[PDB]
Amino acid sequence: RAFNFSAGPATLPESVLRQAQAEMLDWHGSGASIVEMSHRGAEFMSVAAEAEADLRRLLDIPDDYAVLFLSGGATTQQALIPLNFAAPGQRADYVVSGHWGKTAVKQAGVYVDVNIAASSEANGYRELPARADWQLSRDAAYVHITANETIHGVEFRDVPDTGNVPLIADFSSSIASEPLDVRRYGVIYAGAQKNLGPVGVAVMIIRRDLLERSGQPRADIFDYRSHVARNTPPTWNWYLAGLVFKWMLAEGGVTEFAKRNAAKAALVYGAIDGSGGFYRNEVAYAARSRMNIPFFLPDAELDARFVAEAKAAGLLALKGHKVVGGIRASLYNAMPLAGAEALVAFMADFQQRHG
């Protein structure tokens, strides 16, 4: 098979893509395309309601959290979060463990007093900053973390304690990759084209008491309270997200993905750690991501040969991000265990031939 290890867009389940193609002119036999459905018609309202109900069941989202499906990606929500959940220039704490947290900080500085409570940038984002050294603010509007740093392969494995300050977490690249204890969070959000919502579908899960905050002066379209009262993806995108949620449920839910993703990552790290130094991962063991695994061969020429020979072998999109170099194997929910097995077998053969 052709395994697609792209960090973005994530590989989508074949059956989901096949279904979306097959009924694109004839949804459920109705004779009309999902693309041309009115958002307010009975047909699409059922699609949207099933998408929300299925996501709530997948992640065990309580009724006292709101669920939003949104356009504009994670970066738009990184601007809207301080505008909705902080007073103007109120302090907000950010923990920076990689590129996507830096981006979240960049959007928010205009609107809130952004405090870097901790950062691993000085060591090149090779670890999580130790919780003991975090410098949290008593009056912070929230503490923002990036659950899984997609470029740097750095992942939280424990929900940090932030006292009585709500925790806000960017789960773009790991949402629904394992059980998520929603009640521990003030806000969980995820951009599109990573682990959960496909093209054009960002997700936000919001503890409802946070909607009682004034926030900052803002247009209605930038007010989450107005979104919850009644900037949603196109219908076909929302329908595609709903198909993904149904697929995840059919596969066994987050109980199954926890086991599958742990197994995929253990195989790849095992292949790295047992390679006698030919493959090298530089992330602290306690922070090693299950979802995005960066590693390096002895030089960049071998890195390039690996990407090209892997591509020829049906293993796609393995070149690391520019700001890191090397190789990056992404192992999202729709990547089967067989794909990690195929990568590990290729890694063994490649080393036998070039090492």
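Numbers follow the displayed sequence, beginning with 1.
Of the two segments examined, 326-334 and 293-301, it is 293-301 that shows the higher average Cα temperature factor in the deposited entry.
When 218-226 is weighed against 277-285, 277-285 comes out higher, by mean CA B-factor as recorded in the entry. Highest C-alpha temperature factor among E121, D113, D209, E256, as the PDB entry reports it: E121. Ranking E36, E52, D60, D63 by the C-alpha B-factor listed in the PDB entry places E36 at the top. When the modelled residues of the chain are ordered by C-alpha B-factor, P233 sits in the highest third. The PDB entry assigns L68 a C-alpha temperature factor belonging to the lowest third of its chain's modelled residues. When the modelled residues of the chain are ordered by C-alpha B-factor, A132 sits in the highest third.
Per the deposited record, the Cα B-factor of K102 falls in the lowest third when ranked against the other modelled residues of its chain. When all modelled residues of the chain are sorted by CA temperature factor, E251 is found within the middle third.
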